[PDB]
2 protein chains.
Amino acid sequence: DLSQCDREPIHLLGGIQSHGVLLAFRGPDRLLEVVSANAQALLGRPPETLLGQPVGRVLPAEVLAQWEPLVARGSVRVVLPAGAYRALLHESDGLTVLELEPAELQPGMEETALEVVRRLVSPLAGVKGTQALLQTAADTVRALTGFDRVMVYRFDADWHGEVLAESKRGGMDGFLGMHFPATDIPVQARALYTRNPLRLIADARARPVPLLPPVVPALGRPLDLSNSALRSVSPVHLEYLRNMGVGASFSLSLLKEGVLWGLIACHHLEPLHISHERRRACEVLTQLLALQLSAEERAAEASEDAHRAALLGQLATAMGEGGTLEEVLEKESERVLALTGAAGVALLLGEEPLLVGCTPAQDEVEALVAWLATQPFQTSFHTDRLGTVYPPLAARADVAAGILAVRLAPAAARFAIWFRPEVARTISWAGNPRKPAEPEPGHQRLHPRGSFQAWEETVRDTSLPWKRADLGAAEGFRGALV
Amino acid sequence: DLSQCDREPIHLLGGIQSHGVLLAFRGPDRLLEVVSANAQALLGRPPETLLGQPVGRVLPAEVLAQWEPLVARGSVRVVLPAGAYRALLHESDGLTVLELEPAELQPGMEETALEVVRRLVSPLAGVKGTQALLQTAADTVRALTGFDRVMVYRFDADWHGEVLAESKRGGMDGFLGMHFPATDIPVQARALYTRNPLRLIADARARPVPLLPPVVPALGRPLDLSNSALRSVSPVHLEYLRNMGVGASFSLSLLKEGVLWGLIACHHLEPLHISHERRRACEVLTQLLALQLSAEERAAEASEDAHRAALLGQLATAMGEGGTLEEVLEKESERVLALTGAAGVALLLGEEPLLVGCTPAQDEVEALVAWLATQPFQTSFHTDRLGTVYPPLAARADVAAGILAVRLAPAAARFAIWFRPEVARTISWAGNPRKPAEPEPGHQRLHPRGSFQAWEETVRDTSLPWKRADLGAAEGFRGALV
Ligand SMILES: C/C=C1/C(Cc2[nH]c(Cc3[nH]c(CC4=NC(=O)C(CC)=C4C)c(C)c3CCC(=O)O)c(CCC(=O)O)c2C)=NC(=O)[C@H]1C
Ligand SMILES: C/C=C1/C(Cc2[nH]c(Cc3[nH]c(CC4=NC(=O)C(CC)=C4C)c(C)c3CCC(=O)O)c(CCC(=O)O)c2C)=NC(=O)[C@H]1C
């Protein structure tokens with residue numbers, strides 16, 4: 001449901017954060033076309049007096065002197081009388097956009113950032129699970145930014161999320177283990193954060209600084225700030241932060257193999273500015289974690305296939321040793337079950353269903369057998385909640401919350417079906433997920449929820465999900481039965 | 001081992017390079033027990049007069065001021081009248097070993113290294129090959145060090161190596177594409193390079209600085225310099241370098257999943273010193289490259305499996321279709337051959353052999369079968385030079401240089417044998433591989449070979465090697481079974 005939440009154009013809000021200045025120029029003269037309203041504190045003259053002026057008569061010599069590596073490199077450090085600033089350049093709406101924000105002051109920041117990069121490559125990290133890998137990545141981002149709380153947030157397939165790992169101060173609330181509704185990060189935010197993988201909110205309490213004029217005159221809408229480092233965020237998100245009692249927020253996108261896997265979210269209790277250069281140090285760490293995860297996930301998957309493949313191998317040996325099919329599938333039953341991590345399996349070699357291990361009754365299997373043949377899968381069907389899709393067995397969550405069926409034949413209904421029971425899980429939501437926002441009367445003004453306290457839910461009638469190795473092994477068991 | 005090359009104890013040569021100073025202290029009084037003979041170059045006083053003195057009365061006050069940071073984190077920067085020095089600390093033979101070496105002088109070194117870490121950790125690292133990945137790794141190690149020539153050197157299974165990639169300055173002799181004898185890096189050097197992954201030879205023409213006394217008086221042999229950053233290398237190697245025309249050399253071990261995969265080898269035409277901290281920066285790059293290679297390689301492997309599994313899946317559908325075995329094997333010829341990347345296949349199903357694709361003659365298959373029937377393999381057998389193990393077919397490298405046989409049976413002779421033709425290869429060696437060293441008469445004193453000029457050989461009678469995916473596909477084709 002395209003929520004109110006999803007429709008907010010958060011790149012077109014017309015404001016920037018007060019700790020920096022934004023300037024936009026167009027054309028060969030580089031005429032000032034847009035400028036933030038706080039520009040006087042760095043430019044000297046009041047902003048309105050500088051609209052339409054050539055860049056050489058609006059910027060101080062220190063900035064103009066760096067224009068070429070600014071254009072080439074996209075960012076440079078400059079010393080203004082007001083202090084050290086980072087200048088960032090990008091293009092947007094056919095304007096040249098220049099942002100200035102206080103520069104990194106710690107001389108050894110990069111030296112410290114190289115140390116934490118070493119912790120995250122190491123010999124082999126993640127030796128005691130991917131859980132150790134996430135925790136280490138949380139600890140390093142926290143050690144490098146100084147934030148009170150750093151959390152590793154993973155998106156589930158429904159785009160709801162859970163905090164898998166956490167690194168925070170002593171005497172500090174936490175959210176380790178909790179789940180958050182998908183609307184906490186609406187769809188347009190996720191699309192932006194897929195392209196722009198960093199965002200700092202340096203002071204959740206502060207008021208945004210408007211742009212001058214409020215629309216780009218050629219366009220009739222505000223300047224697109226998709227790529228702006230100073231962009232002020234959705235006001236409903238600030239209210240969300242304030243409802244958490246956090247004063248500053250900084251999060252980096254975790255793109256793994258091109259997809260938005262999750263976020264590293266940082267919270268501070270007080271306002272706090274992280275330099276551009278320090279933000280990029282952290283961006284190196286998150287691309288490093290993403291690499292380590294792909295490398296360990298692909299090894300976990302290879303090891304898993306190796307286990308299943310050896311099961312098929314022992315089955316093959318067992319077949320060619322005594323023309324006793326129903327007999328070997330009886331003596332070798334737990335290998336047949338282990339193939340897909342299952343607890344029962346019906347075999348439709350034709351006559352009567354051969355029922356091995358823990359299964360539903362002969363009547364009930366022949367009843368979903370007949371139902372299965374008339375479905376739009378070609379070789380294999382699988383679900384982890386049979387009952388929501390075939391209610392004749394909704395009451396049998398104890399043996400068939402999940403099934404995995406391969407078709408052993410072109411036409412005709414020759415099947416091998418693996419069964420799984422339900423596995424109850426208690427997920428703990430940060431706030432009541434039935435009430436993920438508070439609309440005003442009239443439903444034109446949304447507010448974040450006011451509470452984040454643990455609200456517990458138990459999931460029934462769904463099995464362990466069928467993993468890729470399971471499917472692979474089933475496909476190969478199908479190859480072994482003509 | 002075999003060579004006199006393997007005998008040389010390169011950790012007990014008792015010399016350091018002239019650009020640093022080594023001190024070793026024993027016991028609670030930190031008494032000076034070993035010292036390099038150049039020690040006066042930084043210590044003011046003759047070394048011999050300092051043996052047996054407490055650390056408090058031998059080290060300059062600048063160093064002593066940093067004793068506790070040094071002892072704590074094991075590495076520190078100290079400013080001496082001679083200039084800025086990195087102090088490094090380790091333990092060996094129950095001594096505390098203190099090494100001094102010129103410190104890094106570029107203040108933005110770490111910032112510079114974080115930029116090249118970005119280049120190498122970027123997602124989109126692979127998107128023109130694992131080849132493009134090595135090239136980038138050479139280019140960035142070269143950017144960060146300044147060496148004339150950087151090469152990526154991979155060890156083959158017999159521990160000879162070849163240069164896979166190369167970043168060099170304009171107008172430099174290359175080595176890209178050449179092969180080097182295994183004895184070029186003998187057995188005990190590979191061992192030491194597996195636990196000590198960095199080494200710098202700052203001036204190939206310099207004489208080493210001896211240690212005083214020439215033995216550790218407790219042990220009766222020289223101090224162990226395994227972990228010494230200043231260790232002077234084997235004289236046979238310094239000679240190898242000079243014959244190669246190089247004045248400085250620096251190499252890093254490429255350790256992949258525990259094993260010594262290869263080296264990044266750097267050559268400089270002049271003498272040149274890299275600071276310790278800049279050496280540790282490059283080490284971050286090599287561990288990064290190792291990470292990227294494991295992930296890409298494991299991706300390639302998974303993709304191969306998937307293609308193979310699709311072939312098995314398409315085969316199984318052709319079964320349980322119409323006809324008999326040999327019927328569907330007739331249509332599915334190309335699939336059965338592609339399962340293992342093969343040019344022919346023989347099927348011993350009990351009758352006469354069934355010969356598909358490009359096979360040797362029937363009588364020859366039956367000879368090969370009767371011989372395979374005795375061999376000591378469990379389910380699978382493979383080789384890539386059949387003729388060396390079975391000379392009846394040694395003439396037939398046009399259809400049968402490589403074979404992969406699986407046993408479709410137990411104590412029976414039922415096989416599927418896949419055949420591969422030879423693939424001729426032109427190895428280019430750096431110098432004549434038949435004379436990889438020039439010994440003096442009597443064979444006491446050895447010397448590197450004199451020339452590294454390209455020297456070609458062509459490898460006949462060897463098929464392309466059998467990969468894991470071929471093996472897996474064969475095991476799974478054996479899934480069939482009468
Ligand atoms: C109706 C819309 C809603 C929104 C909307 C929302 N929520 C967000 C952003 C958001 N929401 C969240 C959610 C979030 N922060 C956390 O720490 C956790 C768990 C621990 C979560 C789920 C994050 C991390 C962000 C990125 C900004 C940041 O790092 O602080 C946006 C885009 C902000 C912008 O870029 O302008 C928008 C439009 N949140 C709600 O709870 C509801 C009421
Ligand atoms: C009989 C002994 C021999 C040796 C012995 C040898 N050769 C080596 C070292 C060696 N040999 C090589 C070989 C080598 N350098 C290159 O550039 C290339 C190809 C491009 C190669 C094969 C390397 C990279 C190293 C590591 C030191 C360095 O980066 O320069 C040792 C150990 C050195 C030490 O750490 O003490 C030893 C004992 N080389 C030969 O050609 C023969 C003659």
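Residues numbered from 1 in each chain as written, not as in the entry; some residues may be left out. Chains lettered and ligands numbered in written order. Heavy atoms only, no water.

Colleague: Mind showing me how you'd approach the domain arrangement of chain A here?
Modeller: Where the parts come together, the accessible area they lose is often given as the size of the interface. Residues and elements named next belong to chain A. Domain annotation for chain A reports domain 1 (1-8 + 108-206 + 235-301 + 423-461), domain 2 (9-107 + 207-234) and domain 3 (302-422 + 462-482). Placing a centre on the C-alpha atoms of domain 1 and another on those of domain 3 gives a separation of 39 Å. Across the contact, ten residues belong to domain 1 and 15 residues belong to domain 3. Around 960 Å² of area is buried between domain 1 and domain 3 when both sides are counted, 34% of it from carbon and sulfur atoms. The largest share of the area that domain 1 buries against domain 3 comes from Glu 301, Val 423 and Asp 461, three residues that together contribute 62% of it. (Domains from an automatic or database assignment. Contact = heavy atoms within 4.5 Å. Buried area = accessible area lost by both parts, 1.4 Å probe.)

Colleague: I would appreciate a short explanation of the site of ligand 2 in the present structure.
Modeller: Residues and elements named next belong to chain B. Around ligand 2, a shell composed of 27 residues is seen, among which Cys 5, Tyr 193, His 237, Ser 249 and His 267 lie nearest. Interatomic distance of 3.1 Å between a backbone N/O atom of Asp 184 and a nitrogen atom of ligand 2. Burial of ligand 2 by the protein chains amounts to 99% of its free accessible area of 900 Å². Where the shell around ligand 2 is concerned, the elements lending two or more residues are strand 7 (149-155), helix 6 (187-195), strand 10 (198-201), helix 7 (235-244), strand 12 (248-256), strand 13 (259-268) and strand 21 (446-448). With three residues, helix 7 is the largest single contributor of residues to the shell around ligand 2. Among the residues forming the shell around ligand 2, the class breakdown is 17 nonpolar, six polar and four charged. (Near = heavy atom within 4 Å. Polar contact = N/O pair within 3.5 Å; in protein donor to acceptor, adjacent residues only side chain to side chain. Areas by Shrake-Rupley, 256 points an atom, 1.4 Å probe, with all protein chains shown as cover. Helix = DSSP H or I, 4+ residues; strand = E, 2+ residues; numbered from the N terminus. Nonpolar A, V, L, I, M, F, W, Y, C, P; charged D, E, K, R; others polar.)

Colleague: Is there a simple way to think about the nonpolar core in this case?
Modeller: In summary, soluble globular proteins display a tendency toward joint burial of nonpolar side chains. In this structure, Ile 264 of chain A together with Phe 250 and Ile 264 of chain B are the most contacted members of the largest nonpolar core, which totals 78 residues. Non-local contacts of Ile 264 of chain A, meaning those with residues more than four positions away in its chain, are made with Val 141, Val 150, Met 151, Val 152, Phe 250, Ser 251, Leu 252, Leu 254, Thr 286 and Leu 289 of chain A. (Core = buried A, V, L, I, M, F, W, Y, C linked by side-chain atoms within 4.5 Å. Buried < 20%, exposed > 50% of the residue type's maximum accessible area, 1.4 Å probe, protein only.)

Colleague: Looking at this model, I keep getting lost on empty space enclosed by the protein. Mind explaining?
Modeller: A probe as big as a water molecule, rolled over the atoms, marks out the empty space that is left. In this structure the tally under the stated criterion is one cavity of 30 Å³ or more. The computed volume of the largest cavity comes to approximately 60 Å³. For the largest cavity, the full set of lining residues is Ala 316, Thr 317 and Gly 320 of chain A together with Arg 407, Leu 408, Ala 409, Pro 410, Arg 478 and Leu 481 of chain B. Grouping the amino acids of the lining of the largest cavity by side-chain chemistry returns five nonpolar, two polar and two charged. (1 Å grid on protein atoms, 1.4 Å probe; cavity = no way out; pocket = protein on both sides within 12 Å on 5 of 7 lines; lining within 4 Å. Points joined across faces, edges and corners; volume = space filled by probe spheres on them.)

Colleague: Would you mind showing me how to read the sheet that holds strand 15 (residues 354-357) of chain B here?
Modeller: Neighbouring strands of a sheet are bound in pairs by backbone hydrogen bonds; such pairs are parallel or else antiparallel. Residue and element names in this part refer to chain B. Strand order in the open sheet made by the five strands is 15-14-18-17-16, with antiparallel pairing throughout. Looking at strand neighbours, the two that pair on one side only are strand 15 and strand 16 (380-383), the edges of this open sheet. Taken over all neighbouring pairs, the strand axes of this sheet differ in orientation by 10° on average, direction set aside. Sheet analysis places strand 14 (residues 344-347) next to strand 15, joined by four bridges and oriented antiparallel. Bridging across to strand 15, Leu 347 finds its partner in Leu 354. (Pairing = 2+ DSSP bridges. Axes fitted to C-alpha atoms, helices over the stretch in contact; angles between N-to-C directions.)

Colleague: Can you walk me through the sheet that holds strand 14 (residues 344-347) of chain A in this structure?
Modeller: Residues and elements named next belong to chain A. In spatial order, the strands read 15-14-18-17-16; together these five strands make up an open sheet with antiparallel pairing. Each edge of the open sheet carries a strand with a single partner, namely strand 15 (354-357) and strand 16 (380-383). Across the sheet, the mean angle from the axis of one strand to that of its neighbour is 10°, orientation sign disregarded. As judged from the four bridges shared by strand 14 and strand 18 (residues 415-420), these two strands associate in the antiparallel manner. By the bridge assignment, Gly 344 is partnered in strand 18 with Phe 419. Across the face of the sheet, helix 11 (residues 362-372) comes into contact with strand 14, strand 15, strand 16, strand 17 (402-407) and strand 18 while running at roughly 120° to strand 18. Where helix 13 (residues 468-480) meets the sheet, its contacts fall on strand 14, strand 16, strand 17 and strand 18, and the angle it forms with strand 17 comes to roughly 35°.

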